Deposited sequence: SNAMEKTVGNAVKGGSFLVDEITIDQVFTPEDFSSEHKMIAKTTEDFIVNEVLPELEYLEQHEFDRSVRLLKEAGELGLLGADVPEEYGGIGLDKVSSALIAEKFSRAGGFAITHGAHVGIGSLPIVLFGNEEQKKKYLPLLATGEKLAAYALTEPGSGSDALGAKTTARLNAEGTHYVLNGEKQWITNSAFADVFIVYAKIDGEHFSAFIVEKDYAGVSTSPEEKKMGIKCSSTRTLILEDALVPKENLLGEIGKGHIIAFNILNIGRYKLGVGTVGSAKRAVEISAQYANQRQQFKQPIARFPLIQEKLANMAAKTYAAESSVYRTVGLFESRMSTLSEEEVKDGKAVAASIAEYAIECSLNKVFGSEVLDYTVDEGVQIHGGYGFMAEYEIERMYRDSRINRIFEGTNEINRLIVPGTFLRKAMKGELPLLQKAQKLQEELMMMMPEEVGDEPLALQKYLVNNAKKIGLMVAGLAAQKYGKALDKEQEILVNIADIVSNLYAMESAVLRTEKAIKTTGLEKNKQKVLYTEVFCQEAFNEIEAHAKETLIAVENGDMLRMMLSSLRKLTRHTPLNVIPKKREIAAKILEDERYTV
């Protein structure tokens, strides 16, 4: 299989990417089953959920449980239905239609249940999973505290073995715990003797466990969110999850999964925003025509759709990498779960990119969706108004986008140290080719060219910054974020290029016109951003004559014949408005 982060340094091929065109009939059916559940059962109640009628959430969760939608990532031997990772991504994508209920569901099947799936011992799995898989029990994940959010290992909740040695005694408060109103089981992190950061399976019914009132939130109002209060909470010794003092291993692994899952979710929402905006544009008339006839409206729709194509392509690529790493695993390995966790941890970089890129694309799409609706976009009666409010938290969830950006360059450098990525050996090849100094004829020739040059620019800039600050590069946050933004744009560009290239080779040029258009337009603009990020970093890192050298090298890497995107965006929009949905 393909190594994590290798896209930056190797010429990835259409055969090495998974795309939505690779979905089986099984994937498509599960997607339709979920969609029908959400549309037929959930949406008619959504307005009561937003009013915190949590009895309805619980009932709906258990109905979802009966359809196998809560147990897709749980193995059959523990009472799950054991679907592949593509299937459970598609389930999350379709759940996004239900606003904050997608958060409820995601916290149950993801951060809440997966710590037991991946790190539970045999006894813990046979006990908890059969019930979690059907929704008979519901789960929540309790890491954050008032004093510890981004710095999640700064938790102040303590755990101390009682005189009898039979139970841990937990004290503290966990903040903003999704599902708290109705969760039966909480994965709680606490420091044993105030020293050793550890995870615990904590039942709601254990002595000393309670919750605060609901938070008043901007959006995702139908998701339950409370503080978990632990006042000599009594947790059986055997409910320790993983090893004493190694709670960070669970938290870090769970985070990766949360990241890409949120990516998939934001992609579902961005598609829905495109759809309702396109339908609105066709019906709303001003100046005696559908506002759909206005180029500025068409332009907003095309930007929204092209970003969504790039997000959808890069997210399912990551899901595909996870699945092909999973392919290697025997049934004993999958059952244990340690190998499943490592199969995704391999792609921690791609997960963080998806999370930041997906949440920002959704941020842009709901914002233009509101603008397309005008004053109706500001009215609670309209679906886009709720989406606008729900979206804002995604840039904060699962690691703020700042933290997610800051960790990307260091992850690359750590992989270069451990010998997983030939970064030094590849950085020195480029130093020569630069002192050595057209495009091609195939469809996508120009975009393939920009993708290749983007890789070189990222490497050049990252190499130069590391050689300049050394081990103290960690303090230069503005630079780190430029590099992270370069890598993120590069990953989305390549994902879009390769997916379109694969489609062409699969179904022809004529049928893949919309993909080609999204690709040309997105690549041009994303490459423009890459160039600006590189310039800012070069200027911060060098000066005088040496800086003019580097800037000419960048100009050489960046020179091409720009496209006229204005008619292309009108062409993209025509098809979106024709289908009244995001289309590919």
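- Stretches of the deposited sequence left without coordinates are 1-10, 448-450, in sequence order.
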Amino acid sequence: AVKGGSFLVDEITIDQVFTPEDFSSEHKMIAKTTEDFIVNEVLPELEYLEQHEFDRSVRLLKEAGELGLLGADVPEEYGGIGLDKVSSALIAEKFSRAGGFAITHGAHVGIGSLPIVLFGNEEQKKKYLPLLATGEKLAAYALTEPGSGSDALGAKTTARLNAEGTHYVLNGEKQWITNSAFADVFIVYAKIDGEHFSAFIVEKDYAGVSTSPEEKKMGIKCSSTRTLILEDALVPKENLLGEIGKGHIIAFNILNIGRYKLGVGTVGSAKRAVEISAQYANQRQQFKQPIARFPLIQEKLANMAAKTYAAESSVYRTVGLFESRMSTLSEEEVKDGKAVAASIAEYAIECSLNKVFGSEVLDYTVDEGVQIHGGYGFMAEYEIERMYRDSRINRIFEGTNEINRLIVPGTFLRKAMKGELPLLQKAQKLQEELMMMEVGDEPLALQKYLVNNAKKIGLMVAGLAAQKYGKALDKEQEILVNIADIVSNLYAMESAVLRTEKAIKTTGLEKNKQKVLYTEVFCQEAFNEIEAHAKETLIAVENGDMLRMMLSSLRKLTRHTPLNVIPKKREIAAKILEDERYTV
From here on, numbers count along this sequence of modelled residues.
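- 76-84 and 261-269 differ in mean CA B-factor, and the higher of the two is recorded for 76-84.
- Taking the mean C-alpha B-factor of each stretch as recorded, 552-560 and 512-520 are not equal, and the higher mean is that of 552-560.
- The residue among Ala339, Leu114, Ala183, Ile349 whose C-alpha carries the highest B-factor in the deposited model is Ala339.
- Highest C-alpha temperature factor among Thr227, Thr158, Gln447, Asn354 per the entry: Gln447.
- For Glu50, the recorded CA temperature factor ranks within the lowest third of the chain's modelled residues.
- Annotation for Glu494: CA B-factor lies in the middle third of the chain's modelled residues.
- Annotation for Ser96: C-alpha temperature factor in the lowest third relative to the rest of the modelled chain, per the entry.
- Per the PDB record, residue ranking by Cα B-factor puts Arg389 in the lowest third of the chain.
- Sort the chain's modelled residues by C-alpha temperature factor and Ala465 lands in the highest third, per the entry.
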